[PDB]
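Below is one structure, written out as structure tokens, with a few remarks after it.
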Amino acid sequence: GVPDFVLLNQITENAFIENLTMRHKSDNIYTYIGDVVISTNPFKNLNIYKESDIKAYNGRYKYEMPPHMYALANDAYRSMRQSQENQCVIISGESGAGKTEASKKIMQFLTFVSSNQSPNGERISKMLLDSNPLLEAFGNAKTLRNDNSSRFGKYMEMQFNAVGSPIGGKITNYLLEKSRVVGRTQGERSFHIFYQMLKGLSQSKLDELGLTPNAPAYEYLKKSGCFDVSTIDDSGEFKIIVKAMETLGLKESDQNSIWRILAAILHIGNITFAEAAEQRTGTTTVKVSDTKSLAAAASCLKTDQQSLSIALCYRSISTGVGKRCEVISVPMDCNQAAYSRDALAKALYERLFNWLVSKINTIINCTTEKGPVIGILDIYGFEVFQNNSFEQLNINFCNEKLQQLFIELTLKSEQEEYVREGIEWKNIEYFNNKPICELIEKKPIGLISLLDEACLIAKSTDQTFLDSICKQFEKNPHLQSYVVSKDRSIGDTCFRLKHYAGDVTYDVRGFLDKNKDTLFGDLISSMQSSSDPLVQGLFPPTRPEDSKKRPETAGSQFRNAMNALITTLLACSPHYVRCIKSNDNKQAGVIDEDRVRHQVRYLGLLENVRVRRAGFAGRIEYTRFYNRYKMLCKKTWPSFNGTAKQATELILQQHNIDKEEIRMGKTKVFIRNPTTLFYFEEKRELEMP
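Just add 8 to the spot in the sequence shown (first one is 1) and you have PDB author numbering.
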């Protein structure tokens, strides 16, 4: 027979893939690895999602029913039930590849288990389940790796009601990709809202916003050079977004309100410059002859057109116990001018979206009870191109922290729990804990510590900055380039950064202005002092979960954002969920060998199969091995003491077997070579006829 996976006729790497393929090819999605979930997203309806199935995975164990509930939860999720404490789940995988449908499993599992009666429960649950595709039409954009690419960090939180159902949850994001608005690769496309909005709204609505049916005319859409996409037809897709607008609770009144922000931005975006070499010598200034663009920019803000340009493009400070008189002038280069221009254009919309989703919950979130919180992680995925750059580093950097997370959990915090119980365990080949990859970019003498430092040294452009890396490193382990590693594939200006997976080379175009992020309190304060129910509203009640002190470069602000992600994950009891994509054609039956094999490769899962386990040939569990050879051993009956370490010893000591002949960890039994299985079968034969 040999069902499932842990009974393969030939326990090898090749057979593992062939089986896993046959599994997914036969509607067997969920798969286990020691005690970790591995699922996929069909992106459509399969006949395995009903009340019967959900009710089935509750009050049982893993070795009783097919893969879905993974006992690790039933144990851990119950381990804290002794302490009535809260949990948190983390999900990783390709961008927009159901991290939307992976959470669905958690929710569908959460309900019923948490619950029922209340007519105002299952009904409002519908609008909540439709909240996923809701937010995937506004903030999401397109990527060459995925179409439904979410463009905002999200750490959801699940609370509960007195009846059982949930009450609500909060949302938190970080950084937000904000270099796509001005720069991107050919073929790709910027945010959806800018294009889907055009091919839809009545021409009458466009003219009111001072718009013309022609992207090239603007700047926001000209910085790229592309306008029409071959695959997308926003003219028809627009009706799908509008159906989501009114259905939830975003009336045209609220819509126009939101558009008044973009209406301004589109009036501010037109502000382009014709390299003004005004200064006889000093530094080329920035002149705006076509003032109606800069005028319309302030018309929406209803601020002094003149003073605005004199108080932003020009920096000013005096000081003396009071708070200065702003007027003195500092015209600067185009790059810094464009930098300041964008710097505001991004953060202005970032705060809004995060405050918008909170107001979306105004007609959803409850405020009756306060209790435990089950968190769900969801962040941008590890994207892969045949040509990387800076914007990739930030995304790839998260994975370096994500791998550190697991090693901190499935290799450190968990191993310490083994010995805390006092059960047989010995440190089996522990591959580098890679804290070097963390120290290489945190404490003094580190990448971002050497990078962000260069971001401020404006006189250190890109070529000089490069030299501050090759010398600082290319000696420390786990980092190569052209010089040391004589490989022509690496340019003299580029370098070779080794992740925990493969190899990646980066360019340098725009590094500084894109990375600096430095946002002083000159572009921020302007809007705050404006007169509009939204302009100041986008800047919500001061200090939301982030106060301390305000005036300081954003270079450190973003550093705090990532630190707020790690510290809160260390001291807790996370849960692991990792998904794999079937194919890039959304086909139900087609398996791309190379692509799938690569995913299993660069994620280092089969290595855990040899580490998390221990590493050898034929493998079997303890839990699953138990309910199979029960009537073949002595003192291994329900009268067991409970102590595994003492139970396993009782299993072998009564049949006279040497200690070192076997190896016992926490889970999974380990007997080297097949012949030894015959040695066991025979040892039992010549002790009692």
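C-beta atoms are modelled at their ideal positions from N, C-alpha and C, and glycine is treated no differently.
Residues sharing a beta bridge with residue i, DSSP
i: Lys162; result: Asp386
i: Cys587; result: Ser47
i: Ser173; result: BP columns for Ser173 are empty, so no partner.
i: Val677; result: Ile628, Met672
i: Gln488; result: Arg504
i: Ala305; result: DSSP, once it has assigned bridges, lists no residue as partnering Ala305.
i: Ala284; result: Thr293
i: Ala149; result: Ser157
Nearest-angstrom Cβ-Cβ length linking residue i and residue j, presumed shorter than 8 angstroms
i: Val237; j: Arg268; result: Not a contact, Cβ separation roughly 27 angstroms.
i: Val585; j: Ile99; result: 5 angstroms
i: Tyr490; j: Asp475; result: With 8 angstroms as the limit, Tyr490 and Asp475 do not qualify as a contact, their Cβ atoms being about 13 angstroms apart.
i: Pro50; j: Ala596; result: 6 angstroms
i: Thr292; j: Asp341; result: 6 angstroms
i: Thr29; j: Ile599; result: 6 angstroms
i: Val294; j: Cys321; result: 6 angstroms
i: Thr513; j: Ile498; result: 6 angstroms
i: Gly626; j: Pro682; result: 6 angstroms
i: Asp155; j: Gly208; result: Actually they are not in contact, since the Cβ atoms of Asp155 and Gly208 sit about 18 angstroms apart, beyond 8 angstroms.
i: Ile46; j: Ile588; result: 7 angstroms
i: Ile665; j: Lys642; result: Not a contact, Cβ separation roughly 13 angstroms.
Where the beta strand (DSSP E) containing residue i begins and where it ends
i: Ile99; result: 96 to 100
i: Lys506; result: 504 to 506
i: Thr513; result: 511 to 513
Residue i in three-state terms, based on DSSP
i: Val617; result: helix
i: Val296; result: coil
i: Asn278; result: coil
i: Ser157; result: strand
i: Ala105; result: coil
i: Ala466; result: coil
i: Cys333; result: coil
i: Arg609; result: helix
i: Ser133; result: helix
i: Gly233; result: coil
i: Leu183; result: coil
i: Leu447; result: helix
i: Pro224; result: helix
i: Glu425; result: helix
i: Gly563; result: helix
i: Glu93; result: coil
i: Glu437; result: coil
i: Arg268; result: helix
i: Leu16; result: coil
i: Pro682; result: coil
i: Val598; result: coil
i: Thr472; result: helix
i: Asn395; result: coil
i: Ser555; result: coil
i: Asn571; result: helix
i: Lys420; result: helix
i: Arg86; result: helix
i: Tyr71; result: coil
i: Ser324; result: coil
Extent of the continuous alpha helix (DSSP H) run through residue i
i: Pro127; result: 127 to 130
i: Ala579; result: Note, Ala579: premise wrong, no alpha helix (DSSP H); not H, not E.
i: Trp363; result: 342 to 368
i: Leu413; result: 398 to 416
i: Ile498; result: Segment: none, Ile498 is in no alpha helix (DSSP H) and carries neither H nor E.
i: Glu245; result: 242 to 256
i: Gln536; result: 531 to 536
i: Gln314; result: 313 to 319
i: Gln544; result: It is not in any alpha helix (DSSP H) - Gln544 carries neither H nor E in the DSSP assignment.
i: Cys374; result: Unbroken run through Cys374: none, as it is neither H nor E.
i: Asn523; result: 519 to 524
i: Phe117; result: 110 to 121
i: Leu214; result: 211 to 216
i: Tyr203; result: 201 to 204
i: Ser139; result: 139 to 143
Beta carbon proximity, residue i to chain D, threshold 9 angstroms
i: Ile456; result: No chain D is present in this structure, which holds just one protein chain.
TODO: Go through the stretch 22 to 69 residue by residue and report every complete run of the alpha helix (DSSP H) that reaches 4 residues or more, in order.
DONE: 59 to 64
Task: alpha helix (DSSP H) runs wholly inside the stretch 632 to 667, at least 4 long, in chain order - done: Secondary structure in the stretch 632 to 667: the alpha helix (DSSP H) runs of 4 residues or longer, each lying completely within the stretch, are 652 to 661 in chain order.
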